[PDB]
Amino acid sequence: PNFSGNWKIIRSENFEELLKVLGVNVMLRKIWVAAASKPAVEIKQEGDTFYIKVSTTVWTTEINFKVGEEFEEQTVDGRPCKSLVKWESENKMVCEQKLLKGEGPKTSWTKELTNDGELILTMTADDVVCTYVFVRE
Ligand SMILES: *C/C=C(C)/C=C/C=C(C)/C=C/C1=C(C)CCCC1(C)C
């Protein structure tokens, strides 16, 4: 259970479907998936304090949290939400998100390290689950 490393993608699933539920319309979804279905992820872990950097070609997102401590970040479609992370096993954590403003689909994410050394990220919007699978560089 050391999440730390520089992670690269081997697999991704249902990302466009996720964006549809989030209300991103067609041309935008098609364009987006043709250059954001290969983001890089960097994690530095310090106990249950996490630093996560997620980057495409021209955009980067910085997430900082302690497990069990409320913080702020964005939904996938760039919307301000309150977040809370909890452990579900030794190698898996879960985040529940609430919008600061307005209404929208219920969103969440999970992070899991397999024993094979795969980092599995899921993002969920109502009934849709998008899964990204990473290995270490
Ligand atoms: C523990 C790992 C976490 C919290 C990683 C979360 C990653 C995302 C929320 C990625 C979001 C993306 C966008 C917001 C737009 C570009 C496509 C993604 C998947 C990189």
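What you see below is based on every heavy atom in this structure, not just the backbone, and it leaves out hydrogens, waters and symmetry mates. Order of appearance sets the numbers: ligands from 1, and atoms from 1 within every ligand. Heads up: numbering here begins at 1 and tracks the sequence.
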Asker: Heavy-atom contacts under 4.0 Å between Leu121 and ligand 1: side chain, backbone, both, or neither?
Answerer: side chain
Asker: Just how far is it from atom OG of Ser83 to atom CH2 of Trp109, taken to the nearest 0.5 Å?
Answerer: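 The OG atom of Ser83 sits 7.0 Å away from the CH2 atom of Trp109.
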Asker: Quick one: does ligand 1 sit under 4.0 Å from the side chain of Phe15, the backbone, both or neither, non-hydrogen atoms only?
Answerer: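 For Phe15, only side-chain atoms sit under 4.0 Å from ligand 1.
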Asker: By number and element, which atoms of ligand 1 are closer than 4.0 Å to a non-hydrogen atom of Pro39?
Answerer: 20 (C)
Asker: Closer than 4.0 Å to some heavy atom of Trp109 - which atoms of ligand 1 meet that?
Answerer: 1 (C), 4 (C)
Asker: Between the side chains of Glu118 and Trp7, does any donor sit under 3.5 Å from an acceptor?
Answerer: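 Result is no, nothing qualifies.
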Asker: From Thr110 OG1 over to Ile120 CD1, what is the distance, rounded to the nearest 0.5 angstrom?
Answerer: 8.0 Å
Asker: Is it the side chain (CB and beyond), the backbone, both or neither of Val54 that lies under 4.0 Å from ligand 1, heavy atoms counted?
Answerer: side chain
Asker: Out of curiosity, is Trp59 lining ligand 1, as in a heavy atom under 4.0 Å away?
Answerer: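 Outside the 4.0 Å threshold, so no.
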Asker: Any atoms of ligand 1 less than 4.0 Å from a non-hydrogen atom of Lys111? List them with their elements.
Answerer: 1 (C), 2 (C), 3 (C)
Asker: Rounded to the nearest 0.5 Å, what's the gap from CG on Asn64 to NZ on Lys53? Could you check?
Answerer: 11.5 Å
Asker: Quick check on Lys30: does its NZ atom have over 12 non-hydrogen neighbours (other residues, nucleotides or ligands) under 6.0 Å away?
Answerer: no
Asker: For ligand 1, which atoms, with element, lie under 4.0 Å from some heavy atom of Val76?
Answerer: 13 (C), 14 (C)
Asker: Over 60° means perpendicular and under 30° means parallel, so classify the ring planes of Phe3 and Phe50, tilted if in between.
Answerer: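 Perpendicular, since the angle between the ring planes exceeds 60°.
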